[PDB]
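In the block that follows, a single chain appears as structure tokens, in the form deposited in one PDB entry.
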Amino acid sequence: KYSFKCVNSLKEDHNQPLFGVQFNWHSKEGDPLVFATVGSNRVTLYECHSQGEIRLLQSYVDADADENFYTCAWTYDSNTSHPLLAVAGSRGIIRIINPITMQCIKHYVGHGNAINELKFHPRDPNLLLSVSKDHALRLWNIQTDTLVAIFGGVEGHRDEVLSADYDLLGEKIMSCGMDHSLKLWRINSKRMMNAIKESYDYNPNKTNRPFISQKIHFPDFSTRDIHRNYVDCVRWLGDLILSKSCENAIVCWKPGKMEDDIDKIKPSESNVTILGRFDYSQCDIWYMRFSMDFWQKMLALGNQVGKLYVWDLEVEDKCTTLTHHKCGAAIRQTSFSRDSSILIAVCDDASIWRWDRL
């Protein structure tokens, strides 16, 4: 099984909740483990060191004090290998930041509507997915600064999209939100594939035409049958889904009946098969994420009283619970380092907790 120890803790001076944490899984052979935190109008980088040390690297303080960053996601430059950090929040502005300098190199506006989550495509580092308060999902190409596609309408989400994930190859997305529903959006169609090819052939300095985005109004599957409240986290586990609402369970399920293939599912599909549930407590509050290590061998989720749950997914039909006496605030998000040796928890009181695998 797995064991961890609290080697360090710190607190950011703004004292506003920290809504996001991400280790850089794109970092090179030799350089140190770096993680980013988001909360208030701040983006902060941290270097993990020996003897449980958490070294401050640099901060980005947005010019707008009314900005509230809710999410971050790392990528890299496909030509140079250099890491980049995407950040967004309440203002509905995506900012692409260079971690070496904290220079905002690129900024995107889909609308002026709050962005809840950012995800990068697992196969194309340029393809950025944003989920918004305006009930839509947006797919961006950050190499050419183009809006490839808008996912939503009457048949899309009927409320705020709180989370989304790409499958293993980035052939499809599963989004979820306040409308209690989880929706599938296929992005490997002849149409989306050509839209991505075109996004790359666009240059506004060499043409008068605008970039025409795909307007996808109909999901490929939809369900309101897994949770009976706001679904605030979703993640693919192969062809299966892990999702949670505020009902003290992470649910493992799949579209259709037990033996149905996800690629054979038609949009009209009325069934869902639940495969299991990860039960816990004191996580009845909205907006609490779960996280997985690189290998998807581990599942971590923080609760509203500062307790951190960890599960081994390699078990037959097990849990472990991480507590410290000075950790009482709600853990909004957790992040495992690429080598699964460090687990970082960020809280509502702007505190950062370091758990090392022993």
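For clarity, a rigid core is taken as the largest C-alpha set superposing within 1.5 Å between two forms. Residues that one form lacks are left out of the comparison. One rule holds for the numbers: they count along the sequence shown, beginning at 1.
The discussion below concerns the form solved in complex with a partner chain, not included here.
> Looking in the deposited bound form, any heavy atom of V109 within 4.5 Å of the partner chain?
Looking in the deposited bound form, residue contacts with the partner chain include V109, since a heavy atom lies within 4.5 Å.
> I'd like to check something about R95: if you look in the deposited bound form, is any of its heavy atoms closer than or equal to 4.5 Å to a heavy atom of the partner chain?
Yes, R95 is a contact residue.
> How about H135: is it within 4.5 Å of the partner chain in the deposited bound form, going by heavy atoms?
Because a heavy atom of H135 falls inside 4.5 Å of the partner chain in the deposited bound form, the answer is yes.
> Is there a heavy atom of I100 no more than 4.5 Å from a heavy atom of the partner chain in the deposited bound form?
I100: yes, in contact with the partner chain in the deposited bound form.
> Within 4.5 Å of the partner chain in the deposited bound form: all of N8, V61 and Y76, by heavy atom?
Every listed residue reaches the partner chain in the deposited bound form, so yes.
> Of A114, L147, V251, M102, which one's CA moves 2 Å or more between the shown form and the other one, core aligned?
Going through each option, the one that shifts is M102.
> I want to check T207: does it shift between the shown form and the other one by 2 Å or more at the Cα, with the core superposed?
It does shift by 2 Å or more.
> If I superpose on the rigid core and flag every C-alpha moving 2 Å or more, which consecutive runs of 3+ residues come out between the shown form and the other one, in sequence order?
Core-superposed, displaced stretches are 100-102, 205-207.
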